[PDB]
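Take a look at the structure below.
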Amino acid sequence: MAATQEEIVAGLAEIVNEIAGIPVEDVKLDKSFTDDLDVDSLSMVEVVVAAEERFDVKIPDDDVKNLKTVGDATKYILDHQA
């Protein structure tokens with residue numbers, strides 16, 4: 001189902017908090033997954049893929065490691081959302 005930036009960000013934030021610990025309000029399209037989120041390529045792909053499918057979007061598993069920011073993910077999720 002189609003969710004916009006803040007909607008999907010909330011669901012994304014909630015889930016990255018499971019991986020590392022960026023506050024739900026701190027989750028922005030400007031903070032880097034690898035840097036700010038302090039997440040690992042595997043780590044991000046694990047629970048953040050669990051985050052993609054929960055809104056019903058389609059992105060390749062490994063592709064989450066390609067996005068260096070949480071926001072880069074979101075916009076890609078926002079482009080490829082169903």
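By convention here, the chains of the structure tokens are called A, B, ... in the order presented, each chain's residues are numbered starting at 1, and ligands are numbered starting at 1 in the order presented.
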
Item to complete: Would you list the contacts of residue 37 (chain A) as a VMD selection string, taking every protein, DNA or RNA residue within 7 Å and counting only C-alpha atoms, but skipping same-chain residues closer than 4 positions in sequence?
Response: chain A and resid 20 22 32 to 33

Residues from last step as file, N, CA, C and O atoms, as a compact mmCIF listing (two decimals), in the first residue's frame:
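The resulting file, part-v2.txt, is reproduced below:
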```
# COMPACT_ATOMS: atom_id res chain seq x y z
N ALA A 20 20.08 -0.74 15.30
CA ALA A 20 21.08 0.09 15.93
C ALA A 20 20.47 0.97 17.02
O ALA A 20 20.44 0.58 18.19
N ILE A 22 18.80 4.78 16.06
CA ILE A 22 18.47 6.16 15.75
C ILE A 22 17.03 6.41 16.19
O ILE A 22 16.13 5.64 15.83
N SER A 32 23.11 9.07 7.08
CA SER A 32 23.65 7.92 6.36
C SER A 32 23.45 6.64 7.15
O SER A 32 23.72 6.59 8.35
N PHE A 33 22.97 5.59 6.48
CA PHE A 33 22.76 4.30 7.12
C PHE A 33 24.08 3.76 7.67
O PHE A 33 24.16 3.32 8.81
```

Discussion item. When you look at region 57-73 of chain A with a cut-off of 7 Å (counting only C-alpha atoms), what residues show up, excluding the ones that are within fewer than 4 positions of it in the same chain? I need them as a ChimeraX atom specification.
Written reply: /A:28-34,41,44-45,49,52-53,77,80-82

Worksheet item: Using the chain letters and numbers from this document, which residues of chain A does DSSP assign to alpha helix (DSSP H), as an MDAnalysis selection string?
Response: chainID A and resid 5:19 41:52 70:79

Worksheet entry | strand (DSSP E or B) call set, DSSP backbone run, chain A, as a PyMOL selection string | chain A and resi 32+57+69+81

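Proximity to residue 51 (chain A) at 7 Å, evaluated using only C-alpha atoms and with sequence-adjacent residues fewer than 2 positions away removed, yields residues 11, 12, 15, 47, 48, 49, 53 and 54 of chain A.
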
Go ahead and save the picked residues with N, CA, C and O atoms, as a short mmCIF file (atom, residue, chain, number, x, y, z; two decimals), in the first residue's frame.
```
data_model
loop_
_atom_site.label_atom_id
_atom_site.label_comp_id
_atom_site.auth_asym_id
_atom_site.auth_seq_id
_atom_site.Cartn_x
_atom_site.Cartn_y
_atom_site.Cartn_z
N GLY A 11 7.64 3.79 9.88
CA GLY A 11 7.79 2.34 9.87
C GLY A 11 9.24 1.90 9.69
O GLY A 11 9.64 0.85 10.20
N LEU A 12 10.01 2.69 8.96
CA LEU A 12 11.42 2.42 8.75
C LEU A 12 12.20 2.69 10.04
O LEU A 12 12.96 1.84 10.52
N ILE A 15 11.90 0.28 12.81
CA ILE A 15 12.57 -0.97 12.55
C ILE A 15 14.10 -0.85 12.63
O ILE A 15 14.77 -1.78 13.07
N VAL A 47 16.75 -6.12 8.85
CA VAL A 47 15.52 -5.61 9.43
C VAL A 47 14.92 -4.51 8.55
O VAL A 47 13.73 -4.26 8.61
N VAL A 48 15.73 -3.90 7.69
CA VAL A 48 15.21 -2.85 6.82
C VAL A 48 14.48 -3.47 5.62
O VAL A 48 13.57 -2.86 5.07
N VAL A 49 14.86 -4.69 5.24
CA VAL A 49 14.07 -5.45 4.27
C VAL A 49 12.77 -5.91 4.93
O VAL A 49 11.71 -5.93 4.31
N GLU A 53 9.04 -4.69 3.08
CA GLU A 53 7.92 -5.56 2.77
C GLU A 53 6.68 -5.24 3.60
O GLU A 53 5.57 -5.57 3.20
N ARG A 54 6.87 -4.59 4.75
CA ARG A 54 5.74 -4.33 5.63
C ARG A 54 4.83 -3.25 5.06
O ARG A 54 3.66 -3.14 5.44
#
```

Practice prompt. For each of A:56, A:18, A:25, A:6, take the minimum atom-to-atom distance to residue 43 (chain A), counting only C-alpha atoms, then give the residue where this is smallest.
Written response: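 Going through A:56, A:18, A:25, A:6 one by one, the smallest distance to residue 43 (chain A) is for A:18.
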
Practice prompt. Tell me which of A:1, A:7, A:13, A:38 sits closest to residue 50 (chain A), counting only C-alpha atoms.
Written response: A:13

Item to complete: For residue 24 (chain A), list every protein, DNA or RNA residue within 8 Å, evaluated using only C-alpha atoms, and leave out those in the same chain fewer than 5 positions away; present the list as a PyMOL selection string.
Response: chain A and resi 10+13-14+17
